[PDB]
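Below: one structure, written as structure tokens.
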Amino acid sequence: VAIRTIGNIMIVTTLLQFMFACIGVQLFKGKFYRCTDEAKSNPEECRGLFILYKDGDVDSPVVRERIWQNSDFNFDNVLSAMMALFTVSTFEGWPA
Amino acid sequence: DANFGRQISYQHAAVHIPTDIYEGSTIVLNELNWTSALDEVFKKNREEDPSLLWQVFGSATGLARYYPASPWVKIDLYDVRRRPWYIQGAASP
Ligand SMILES: *[C@@H]1O[C@H](CO)[C@@H](O[C@@H]2O[C@H](CO)[C@@H](O[C@@H]3O[C@H](CO)[C@@H](O)[C@H](O)[C@H]3NC(C)=O)[C@H](O)[C@H]2NC(C)=O)[C@H](O)[C@H]1NC(C)=O
């Protein structure tokens, strides 16, 4: 019975989140990609192996693969935008 | 072979590509064609003077092609463009 009373609010807040997700898709569609090393800024040169310096020390290099990765929470489509926006409403990882 | 503390091959030339440089890109692959004609001159030089040591071409793209072929010597940090012999020929004091 309590759900039925609060059933009207859950329609407005779902419509509001859907519109924000559609706006968010227009803004950050595909723009959350990045390379494993912060020196390549497009998929063409984000290939092969690169030298990673552990904890910023120049005296401890290590070889790593560079992969053109995507954010776990992104705005590629409306389904991903709504899931990304739901985590924001919980105030978890929203600064990231 | 003698006067060569390693194992070498006179049939072709070896190409070194630094770790931070991805082989198979357009710049590197285009460099591997016009540098493939260097092998004939490499062999011709050695025929006239058998007592010839490493003869190497250091590219501005990064790769170094040397003759005779021999496997490269932790991780590798060699860059031909930072070598003292490359730097003196790239500019003046
Ligand atoms: C960069 O790569 C190019 C593509 O592989 C090389 O160009 C090809 O070299 C082949 C071998 O010489 C050529 O094959 C023969 O070439 C002779 C010479 O003109 C001709 O009789 C024919 O084109 C061909 N003979 C056949 C097919 O029976 C290719 O023609 C030639 N071009 C292509 C494939 O487009 C370059 O050699 C290489 N760079 C360097 C510096 O070698």
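Identifiers in this document derive from the order of the structure tokens: chains are assigned A, B, ..., residues are numbered from 1 separately in each chain, and ligands are numbered from 1 in order of occurrence.
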Worksheet entry | Protein and nucleic acid residues within 10 Å of ligand 1 (only C-alpha atoms and all ligand atoms) as a VMD selection string | chain B and resid 29 to 38
How would the residues just picked look written out with C-alpha atoms as a PDB file, in the first residue's frame?
```pdb
ATOM      1  CA  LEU B  29      56.240   0.896 -42.048  1.00  0.00           C
ATOM      2  CA  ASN B  30      56.957   3.528 -44.698  1.00  0.00           C
ATOM      3  CA  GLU B  31      60.495   3.741 -43.306  1.00  0.00           C
ATOM      4  CA  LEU B  32      61.014  -0.022 -43.637  1.00  0.00           C
ATOM      5  CA  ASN B  33      60.645   0.112 -47.435  1.00  0.00           C
ATOM      6  CA  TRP B  34      63.149   2.729 -48.539  1.00  0.00           C
ATOM      7  CA  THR B  35      65.594   1.454 -45.906  1.00  0.00           C
ATOM      8  CA  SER B  36      65.363  -2.071 -47.349  1.00  0.00           C
ATOM      9  CA  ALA B  37      67.540  -0.935 -50.265  1.00  0.00           C
ATOM     10  CA  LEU B  38      70.344  -0.200 -47.786  1.00  0.00           C
TER      11      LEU B  38
END
```
Could the residues of chain B that have an atom at most 10 Å from chain A be listed as JSON lines, each with its closest atom pair and the distance in Å to one decimal, counting only C-alpha atoms and ordered by chain and ascending residue number?
```
{"residue": "B:18", "atom": "CA", "partner": "A:50", "partner_atom": "CA", "distance": 9.5}
{"residue": "B:19", "atom": "CA", "partner": "A:49", "partner_atom": "CA", "distance": 6.1}
{"residue": "B:20", "atom": "CA", "partner": "A:50", "partner_atom": "CA", "distance": 4.7}
{"residue": "B:21", "atom": "CA", "partner": "A:49", "partner_atom": "CA", "distance": 7.4}
{"residue": "B:22", "atom": "CA", "partner": "A:48", "partner_atom": "CA", "distance": 5.0}
{"residue": "B:23", "atom": "CA", "partner": "A:48", "partner_atom": "CA", "distance": 7.6}
{"residue": "B:24", "atom": "CA", "partner": "A:48", "partner_atom": "CA", "distance": 9.0}
{"residue": "B:25", "atom": "CA", "partner": "A:45", "partner_atom": "CA", "distance": 8.0}
{"residue": "B:26", "atom": "CA", "partner": "A:44", "partner_atom": "CA", "distance": 9.9}
{"residue": "B:74", "atom": "CA", "partner": "A:62", "partner_atom": "CA", "distance": 9.3}
{"residue": "B:75", "atom": "CA", "partner": "A:63", "partner_atom": "CA", "distance": 7.4}
{"residue": "B:76", "atom": "CA", "partner": "A:63", "partner_atom": "CA", "distance": 9.2}
{"residue": "B:77", "atom": "CA", "partner": "A:51", "partner_atom": "CA", "distance": 8.9}
```
Output N, CA, C and O atoms of each residue in that selection to a file, as a PDB file, in the first residue's frame.
```
ATOM      1  N   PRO B  18      62.750   1.033 -30.821  1.00  0.00           N
ATOM      2  CA  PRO B  18      62.653   1.217 -29.370  1.00  0.00           C
ATOM      3  C   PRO B  18      61.290   0.805 -28.836  1.00  0.00           C
ATOM      4  O   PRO B  18      60.290   0.799 -29.556  1.00  0.00           O
ATOM      5  N   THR B  19      61.269   0.452 -27.548  1.00  0.00           N
ATOM      6  CA  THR B  19      60.051  -0.063 -26.931  1.00  0.00           C
ATOM      7  C   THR B  19      58.919   0.952 -26.999  1.00  0.00           C
ATOM      8  O   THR B  19      57.772   0.596 -27.288  1.00  0.00           O
ATOM      9  N   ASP B  20      59.224   2.224 -26.756  1.00  0.00           N
ATOM     10  CA  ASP B  20      58.210   3.271 -26.767  1.00  0.00           C
ATOM     11  C   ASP B  20      57.684   3.585 -28.161  1.00  0.00           C
ATOM     12  O   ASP B  20      56.809   4.447 -28.286  1.00  0.00           O
ATOM     13  N   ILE B  21      58.183   2.924 -29.201  1.00  0.00           N
ATOM     14  CA  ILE B  21      57.765   3.172 -30.574  1.00  0.00           C
ATOM     15  C   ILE B  21      57.068   1.924 -31.092  1.00  0.00           C
ATOM     16  O   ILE B  21      57.641   0.830 -31.065  1.00  0.00           O
ATOM     17  N   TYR B  22      55.837   2.090 -31.566  1.00  0.00           N
ATOM     18  CA  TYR B  22      55.033   0.973 -32.042  1.00  0.00           C
ATOM     19  C   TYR B  22      55.369   0.688 -33.500  1.00  0.00           C
ATOM     20  O   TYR B  22      55.117   1.523 -34.374  1.00  0.00           O
ATOM     21  N   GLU B  23      55.940  -0.483 -33.759  1.00  0.00           N
ATOM     22  CA  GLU B  23      56.135  -0.920 -35.131  1.00  0.00           C
ATOM     23  C   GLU B  23      54.798  -1.320 -35.742  1.00  0.00           C
ATOM     24  O   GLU B  23      53.901  -1.821 -35.060  1.00  0.00           O
ATOM     25  N   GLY B  24      54.662  -1.082 -37.039  1.00  0.00           N
ATOM     26  CA  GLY B  24      53.406  -1.307 -37.716  1.00  0.00           C
ATOM     27  C   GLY B  24      52.582  -0.063 -37.954  1.00  0.00           C
ATOM     28  O   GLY B  24      51.514  -0.157 -38.568  1.00  0.00           O
ATOM     29  N   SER B  25      53.037   1.093 -37.482  1.00  0.00           N
ATOM     30  CA  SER B  25      52.386   2.351 -37.795  1.00  0.00           C
ATOM     31  C   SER B  25      52.775   2.803 -39.200  1.00  0.00           C
ATOM     32  O   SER B  25      53.666   2.242 -39.838  1.00  0.00           O
ATOM     33  N   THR B  26      52.083   3.832 -39.688  1.00  0.00           N
ATOM     34  CA  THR B  26      52.327   4.300 -41.050  1.00  0.00           C
ATOM     35  C   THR B  26      53.737   4.860 -41.201  1.00  0.00           C
ATOM     36  O   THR B  26      54.397   4.629 -42.219  1.00  0.00           O
ATOM     37  N   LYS B  74      67.142  -7.293 -18.072  1.00  0.00           N
ATOM     38  CA  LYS B  74      66.428  -6.041 -17.857  1.00  0.00           C
ATOM     39  C   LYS B  74      65.678  -5.620 -19.116  1.00  0.00           C
ATOM     40  O   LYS B  74      65.579  -6.386 -20.074  1.00  0.00           O
ATOM     41  N   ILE B  75      65.147  -4.402 -19.106  1.00  0.00           N
ATOM     42  CA  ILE B  75      64.394  -3.879 -20.229  1.00  0.00           C
ATOM     43  C   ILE B  75      65.323  -3.044 -21.098  1.00  0.00           C
ATOM     44  O   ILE B  75      66.402  -2.619 -20.677  1.00  0.00           O
ATOM     45  N   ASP B  76      64.893  -2.802 -22.331  1.00  0.00           N
ATOM     46  CA  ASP B  76      65.683  -2.070 -23.309  1.00  0.00           C
ATOM     47  C   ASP B  76      65.262  -0.608 -23.323  1.00  0.00           C
ATOM     48  O   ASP B  76      64.072  -0.300 -23.440  1.00  0.00           O
ATOM     49  N   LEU B  77      66.243   0.288 -23.206  1.00  0.00           N
ATOM     50  CA  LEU B  77      66.004   1.726 -23.209  1.00  0.00           C
ATOM     51  C   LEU B  77      66.798   2.432 -24.302  1.00  0.00           C
ATOM     52  O   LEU B  77      66.926   3.658 -24.279  1.00  0.00           O
TER      53      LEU B  77
END
```
As a check of understanding: the span from atom CA of residue 64 of chain B to atom CA of residue 82 of chain B is 11.7 Å
- Query: Which distance in Å separates atom CA of residue 37 of chain A and atom CA of residue 86 of chain B, to one decimal?
  - Reply: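 These two atoms are separated by 27.8 Å.
Excluding segment 27-33 of chain A itself and any same-chain residue fewer than 3 positions from it, the protein and nucleic acid residues within 7 Å of it, counting only C-alpha atoms, are residues 23, 24, 68, 69, 70, 71, 74, 75 and 76 of chain A.
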Would you put the residues from that selection into a file with C-alpha atoms, as a PDB file, in the first residue's frame?
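Here's the written file result-v6.pdb:
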```pdb
ATOM      1  CA  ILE A  23      21.091  15.538 -22.291  1.00  0.00           C
ATOM      2  CA  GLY A  24      24.165  13.813 -20.878  1.00  0.00           C
ATOM      3  CA  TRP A  68      42.574   2.591 -25.672  1.00  0.00           C
ATOM      4  CA  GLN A  69      40.156   1.992 -22.807  1.00  0.00           C
ATOM      5  CA  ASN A  70      36.736   3.393 -21.951  1.00  0.00           C
ATOM      6  CA  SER A  71      35.331   4.561 -18.636  1.00  0.00           C
ATOM      7  CA  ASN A  74      30.065   6.600 -19.412  1.00  0.00           C
ATOM      8  CA  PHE A  75      27.366   8.266 -21.521  1.00  0.00           C
ATOM      9  CA  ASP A  76      27.695   6.253 -24.730  1.00  0.00           C
TER      10      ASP A  76
END
```
**OP:** Looking only at strand (DSSP E) from DSSP on the backbone, list the matching residues of chain A as a ChimeraX atom specification.
**Re:** /A:49-53,61-65
Store the residues picked out above, limited to C-alpha atoms, as a compact mmCIF listing (two decimals), in the first residue's frame.
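What ended up in out.txt:
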```txt
# COMPACT_ATOMS: atom_id res chain seq x y z
CA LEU A 49 54.20 -1.12 -25.65
CA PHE A 50 55.20 1.84 -23.49
CA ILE A 51 57.53 2.43 -20.55
CA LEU A 52 55.82 3.05 -17.21
CA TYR A 53 57.69 4.62 -14.30
CA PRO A 61 60.93 1.75 -15.41
CA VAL A 62 58.65 -1.12 -16.40
CA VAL A 63 57.18 -2.17 -19.75
CA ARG A 64 53.40 -2.10 -20.11
CA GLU A 65 50.89 -2.39 -22.94
```
_Run DSSP on the backbone and tell me which residues of chain A come out as helix (DSSP H, G or I); list them as a PyMOL selection string._
chain A and resi 2-5+9-28+54-56+78-89
Any idea what's packed within 7 Å of residue 67 of chain B, counting only C-alpha atoms, ignoring anything in its chain fewer than 4 positions away? Could you give it as a PyMOL selection string? chain B and resi 13-14+42+54-56
message = List as number ranges by chain the protein and nucleic acid residues near residue 12 of chain B, meaning an atom at most 7 Å away when only C-alpha atoms are counted, but skip any in the same chain fewer than 3 places from it.
response = B: 9, 39, 68-69
Would you mind exporting N, CA, C and O atoms of the selected residues as an mmCIF file, in the first residue's frame?
```
data_model
loop_
_atom_site.group_PDB
_atom_site.id
_atom_site.type_symbol
_atom_site.label_atom_id
_atom_site.label_comp_id
_atom_site.auth_asym_id
_atom_site.auth_seq_id
_atom_site.Cartn_x
_atom_site.Cartn_y
_atom_site.Cartn_z
ATOM 1 N N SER B 9 74.852 -12.579 -38.965
ATOM 2 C CA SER B 9 74.434 -13.120 -40.251
ATOM 3 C C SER B 9 74.623 -12.053 -41.315
ATOM 4 O O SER B 9 74.119 -10.937 -41.169
ATOM 5 N N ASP B 39 70.414 -2.645 -47.620
ATOM 6 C CA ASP B 39 71.081 -3.921 -47.378
ATOM 7 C C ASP B 39 72.062 -4.261 -48.492
ATOM 8 O O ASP B 39 73.125 -4.835 -48.232
ATOM 9 N N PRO B 68 76.254 -6.341 -39.859
ATOM 10 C CA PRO B 68 75.386 -7.485 -40.150
ATOM 11 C C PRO B 68 74.314 -7.710 -39.092
ATOM 12 O O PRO B 68 74.404 -7.154 -38.003
ATOM 13 N N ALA B 69 73.309 -8.513 -39.424
ATOM 14 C CA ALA B 69 72.240 -8.797 -38.480
ATOM 15 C C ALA B 69 72.786 -9.519 -37.256
ATOM 16 O O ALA B 69 73.643 -10.398 -37.365
#
```
| Residue contacts of residue 16 of chain B (10 Å, only C-alpha atoms) excluding same-chain residues fewer than 6 positions away, as a ChimeraX atom specification | /B:58,62-66,71-72,78-80
| message | If we count only C-alpha atoms and set the cut-off at 10 Å, which residues sit around residue 82 of chain A, ignoring sequence neighbours fewer than 5 positions away in its own chain? Please answer as a ChimeraX atom specification. | response | /A:14,17-22,24-25,73-75,77,87-88
